[PDB]
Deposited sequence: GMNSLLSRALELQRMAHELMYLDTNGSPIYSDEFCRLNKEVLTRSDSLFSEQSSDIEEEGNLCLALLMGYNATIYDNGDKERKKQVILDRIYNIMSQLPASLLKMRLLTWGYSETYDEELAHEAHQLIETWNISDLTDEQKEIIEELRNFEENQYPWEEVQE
């Protein structure tokens, strides 16, 4: 039940929720992701890898849950600020790719997309992992859906 265990659990649950109408279970799962995000939000870590995993869990958690108490947008900016403070120190990894992609989705900071495409270029097109394929798809969807007013007219 460590900070890291909690963060990895939240990353997994937030992913589960996003890759899945208002049933008791649907509400329970959305509520649990909010509850877990709220519990972890006040935690601070000096270790950059632990801090990266905490931030990624929180950004994923608050984006996954339908619930918003009116303070979620403010809390996401606190998390983004924590990510910008460690991004340059993180080594190339799946974690760093996920933080760049989720951070870009919240900011549309072209420097984050640029760095995310450079990380992609380091992988093997002939043998991408299941997670690499998924995060590439997620990044492309954020890039294509920046502006709702640009949606194809039909």
| query | finding |
| --- | --- |
| Deposited-sequence stretches lacking C-alpha coordinates, listed in sequence order | 1 to 2, 23 to 28 |
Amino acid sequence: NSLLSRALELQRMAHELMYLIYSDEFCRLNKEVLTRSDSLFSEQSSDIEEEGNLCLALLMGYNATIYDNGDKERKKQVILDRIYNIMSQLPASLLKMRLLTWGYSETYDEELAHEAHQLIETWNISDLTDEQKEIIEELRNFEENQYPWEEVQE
From here on, numbers count along this sequence of modelled residues.
| item | value |
| --- | --- |
| Per the entry, higher mean C-alpha B factor between 47 to 55 and 62 to 70 | 62 to 70 |
| 11 to 19 or 135 to 143, whichever carries the higher mean Cα B-factor | 11 to 19 |
| From 94, 120, 100, 29, residue of greatest CA B-factor | 29 |
| Chain-wide C-alpha B factor ranking for residue 111, given as lowest, middle or highest third | middle |
| Relative C-alpha B-factor of residue 105, binned into the chain's lowest, middle or highest third | lowest |
| Ranked C-alpha temperature factor of residue 86 among modelled chain residues, by third | lowest |
